[PDB]
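Position 1 of the sequence shown, counted from 1, bears residue number -1 in the deposited numbering, the numbering being contiguous throughout. We put the CB at the ideal spot given by N, CA and C, even for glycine. What follows is a single structure, written as structure tokens, with notes after it.
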Amino acid sequence: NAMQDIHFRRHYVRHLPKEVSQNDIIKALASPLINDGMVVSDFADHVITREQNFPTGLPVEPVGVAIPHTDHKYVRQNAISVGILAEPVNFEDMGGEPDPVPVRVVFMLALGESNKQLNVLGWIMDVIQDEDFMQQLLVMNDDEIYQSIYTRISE
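Printed below as a string of structure tokens:
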């Protein structure tokens, strides 16, 4: 279990309100990591710059996903911060496609070593193809999303 070193806590999950922008989302998801000392104080802005340059939208159906992240030099402890959006928010296609991705679930990845990327991406790729799992994230409360994702990670 390579992800045994990834931190995922109850407060690393939250539903975001409508009318929030891409930047608000990134700052909101980064907040808990920043407070726990998992990342550098200005992590959210490095993620924003990264996202604008190299978008992380994944056009999966029916729930659009995004995996914003930044350089590992800004991460001192591996962690994942999850956001469930009240309404879809547009993220540019990681693949370069013209149509933006209507994102509803955001998986912010804070990885301190690049050797962790393949594994974590493989994990994401897997959960976003799990139609049922993804749909449930849009219905469950924070504790439920937390329990399910946590389990998914460690089990």
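| Among all the DSSP beta bridges, which residues are the ones paired with residue 21? | Looking at the DSSP assignment, residue 21 forms no beta bridge with any residue, so it has no partner.
| Who does residue 91 pair with in a DSSP beta bridge? | 55.
| Three or more C-beta pairs closer than 8 Å, one from the segment 87 to 99 and one from the segment 72 to 79: is that the case here? | Between the segment 87 to 99 and the segment 72 to 79, the count of C-beta pairs closer than 8 Å stays below three; the two stretches do not touch.
| query | Going by alpha carbons, who is nearest to residue 95 out of 22, 103, 56 and 115? | reply | For residue 95, the closest C-alpha among the options 22, 103, 56 and 115 is that of 56.
| When the distance is taken between beta carbons, is residue 125 closer than 8 Å to residue 102? | No, the pair does not count as a contact, with Cβ atoms beyond the cut-off.
| query | DSSP state of residue 36, grouped into three classes? | reply | Residue 36 falls in the coil class under three-state DSSP.
| field | Cut-off 6 Å between Cβ atoms - residues of its own chain near residue 83, not counting five sequence neighbours on either side | value | Closer than 6 Å at the Cβ level, and outside the excluded window around residue 83, lie 14 and 102.
| query | Going straight from the alpha carbon of residue 120 to that of residue 32, what length do you get? | reply | Distance between the alpha carbons of residue 120 and residue 32: 25 Å.
| query | If you compare alpha carbons, which of 118, 2 and 100 is closest to residue 64? | reply | Out of 118, 2 and 100, 100 has the C-alpha closest to the C-alpha of residue 64.
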